[PDB]
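You are given structure tokens for the same protein chain in two forms, set apart as structure 1 and structure 2.
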Structure 1
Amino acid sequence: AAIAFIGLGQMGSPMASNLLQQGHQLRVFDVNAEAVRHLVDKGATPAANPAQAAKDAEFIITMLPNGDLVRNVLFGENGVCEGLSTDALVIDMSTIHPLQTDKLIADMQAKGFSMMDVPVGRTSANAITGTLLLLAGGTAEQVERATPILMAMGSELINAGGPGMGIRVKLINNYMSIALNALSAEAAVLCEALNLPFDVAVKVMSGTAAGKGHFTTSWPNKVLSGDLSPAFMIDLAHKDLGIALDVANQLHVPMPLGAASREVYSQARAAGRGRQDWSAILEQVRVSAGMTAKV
């Protein structure tokens, strides 16, 4: 296929290189002339600006640091829009703010142009080998059309279920993993302060929600089924967390996420949830966010 690729950085350059290896014709643009020359050496055609890159391209891929730069590349001076066909598909593979994604897609649709969000998971090492995780936003039609192109850059495609849903599922995944790392560290350092070998804690946690998560263990048959009858009461969870913070404070292991979590359980007790299943914390957070109670 005829592809424009705009943004030839640590991720963009290996992604564009993989597309060339699968026999696509690339017109490439980057403000860094050296990044263009390295792709021309691999078989790309250089463009002077995004509009030139987009002329007669079927797919236009952006891989840029932020939503302001995506907006400039699409709508700015000699932007993609000036060279773009109504039949072409823009694929933004950038990780940007989800509401910026929505406004870019809407602003494109208003001019008769098609744009989808396919941000990626995993590292620049995965970008090189073509083993990225593709979190495919866009319509069902756009995902079907883009799939052959996307599978040149990644090894696994998740259909996120609509325009702007790729950037949203990347955000939820990364929020959870990045914050989980900080909590994981508190548990591991408290373990070391107690002179418990870490392997013993990992062995036990691998068989509980501690190591498997709540999403598929504690939650499905309780809160997610509308049943808050207790397996593990909020009062007992609150008590055990109190003991963990008493130990941490005695042993000078700072546990900011633990301390914050206990005040969430305290709010749940204040709201009358003490004798509910611990999965009711999901309902407490939904109500705290101004959502309508489901149970």
Structure 2
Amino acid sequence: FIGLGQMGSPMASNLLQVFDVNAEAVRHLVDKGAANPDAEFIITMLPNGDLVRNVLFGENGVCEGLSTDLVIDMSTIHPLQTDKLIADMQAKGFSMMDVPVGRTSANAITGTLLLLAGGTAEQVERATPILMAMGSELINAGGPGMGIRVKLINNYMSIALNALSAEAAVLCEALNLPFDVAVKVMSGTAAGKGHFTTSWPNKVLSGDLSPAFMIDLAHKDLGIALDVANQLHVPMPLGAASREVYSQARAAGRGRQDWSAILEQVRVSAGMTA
């Protein structure tokens, strides 16, 4: 176990049923059961992909003391950094898999993390028994580097959504609507349940852009929301940006398409095809 941070410390604690630069962190794990990296499994849980590399390949690195018999990076790092590390370890005969975790440090404590299993379909079994104690659910990401990839998508979505949710909630407060009422409504719609499993499956994801809710009408409602926010001085940077995305969809002739067609617009914007 390399890394005794907000996630590392409780994860290692659940295993006890070790190296870190902070001697106090070392001391806390010793009083629950190494100066640098004959173990079957190396787990790294470190803040960035540089520290992971410097802990595997640096002066007094893991590689110098590692056996030819899975290294599991559970860190949140750059996917391309993960790909290069898995290849640079595959180059020297060693096996490396990416198993980052979903959910927070509260779930790390209770061993109820979402385990986001990258690496080979075979390789998942080899580490799976060990890591299925540290989380409550495992998702087969379906290849090397797919673990960190689905972690990034999930974290992007949840972190940005928090900012958007804040704008909606303070506009709610500025309009003197109890938040409890907003939440009750939004829990029954895409607002609370998301579009991924509601508006998208039978429309854009099925290649059907025939309208259930038209982009023009969505665009118009966004205008009302931004007028209200601007008269009540609730800054809504995400709302403001989102209206200009809808505006781009209108410019491209998608005005009478279903709102799920925004997905197709962002695909075109990224230089993808239909």
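Rigid core here is just the name for the largest C-alpha set that superposes within 1.5 Å across the two forms. Along the sequence of structure 1, residues get numbers from 1 upward.
When the two forms are superposed on their rigid core between structures 1 and 2, the C-alpha shift of 2 Å or more among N174, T217, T139, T123 belongs solely to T123. Annotation for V36: C-alpha shift of 2 angstroms or more between structures 1 and 2, rigid core superposed. After superposition on the rigid core, the Cα of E192 moves by less than 2 Å between structures 1 and 2. With the core held fixed between structures 1 and 2, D102 has its Cα displaced by under 2 Å. Here the two forms are laid over each other by their core, and the C-alpha of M63 is off by 1.8 Å between structures 1 and 2.
Core superposition gives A248 a CA displacement of 0.3 Å between structures 1 and 2. We note a C-alpha movement of 2.7 Å at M11 between structures 1 and 2, with the rigid core held in register.
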